[PDB]
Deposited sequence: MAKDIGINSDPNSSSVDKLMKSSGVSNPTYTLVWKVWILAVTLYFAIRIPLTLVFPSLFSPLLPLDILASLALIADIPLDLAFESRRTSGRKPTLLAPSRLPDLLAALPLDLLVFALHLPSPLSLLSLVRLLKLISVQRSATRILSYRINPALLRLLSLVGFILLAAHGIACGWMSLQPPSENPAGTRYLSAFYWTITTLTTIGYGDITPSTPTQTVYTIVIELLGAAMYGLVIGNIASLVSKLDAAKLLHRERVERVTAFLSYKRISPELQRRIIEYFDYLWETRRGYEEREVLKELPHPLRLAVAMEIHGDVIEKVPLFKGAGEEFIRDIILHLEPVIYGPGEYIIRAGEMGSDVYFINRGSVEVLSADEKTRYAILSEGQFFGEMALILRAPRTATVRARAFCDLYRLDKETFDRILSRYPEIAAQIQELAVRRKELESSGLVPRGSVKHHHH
């Protein structure tokens, strides 16, 4: 962090020069009672050279020539020698340090803020600094007057702000050919700057809601298609409330498409974190090796059931086993008159299907949105074929009907 405060000091010295140099060009009465601070400033700006050359691309580099062009005290010379106005503008080389400061900021602070906002903040800072420079430029090429320095600077800053925002009141206007040329030049500059601001704000806003518009558009697409297919309002309302649940819980993201941007080891660690509250107590995987567990966990597919949907129907063959994660379930009878149990988070049903293909013995209805994971029997057999010990033990559990 001792570099991350020296960067702030460098920014402060750069903004000292970018506020003092033009204000001193217009007012030679300065630079006498400010010389020590700017000599300290020059020594600081030359002490940055070894503090970034020792930052583990040598001199005269396409990206490091601005730093050396701002490094040399090319001030302390024109003001000390009192060079005439036509040639003393080259004292402004110190302002080239702003480019290096901006490249620093666009990669140091560019971790915890939206880049389209960092760009806008940098642009606004540069606009304010350029407005100060333009105000000094306008105030330089005016007829001599005995008005104090503070008043005419206020008038100059007022004029440049009313020109750069493209408001243009018209109470301060050019009166001389050179003033007219200057005004044309910075009218073009102000139009460009304001266009840049509007473009940056439009780019910042055009992506301020992303998940919400993606979800909204997928819902519109689904509803248009089902309105074409002539589907009942009851089901076309069940689908709407399912999408409502999806948005309110996980911002509409699809589980299987999100958990696929991860590499295999992080994906496996996430899968263990999730199915760590279930798959240790299943009374047919008990005592199996950890690799069998790690093999049956990467092949669990999620599925969400709304309130009242049939998960399992009594009498049908069935082959799946379901693990409840974030919901609840009621086990009813074939005639649906008795409620055997209310399974909830952590528990599971359908366990007997993996052993043999006996028809289901009870019906299963969701009570709320369940958000549960299912395992097939084809997948279970496929990944059981590689573990002869557990496969033989399950075949034994099968031979008992």
Per the record, deposited positions without any C-alpha are 1-28, 85-92, 438-456
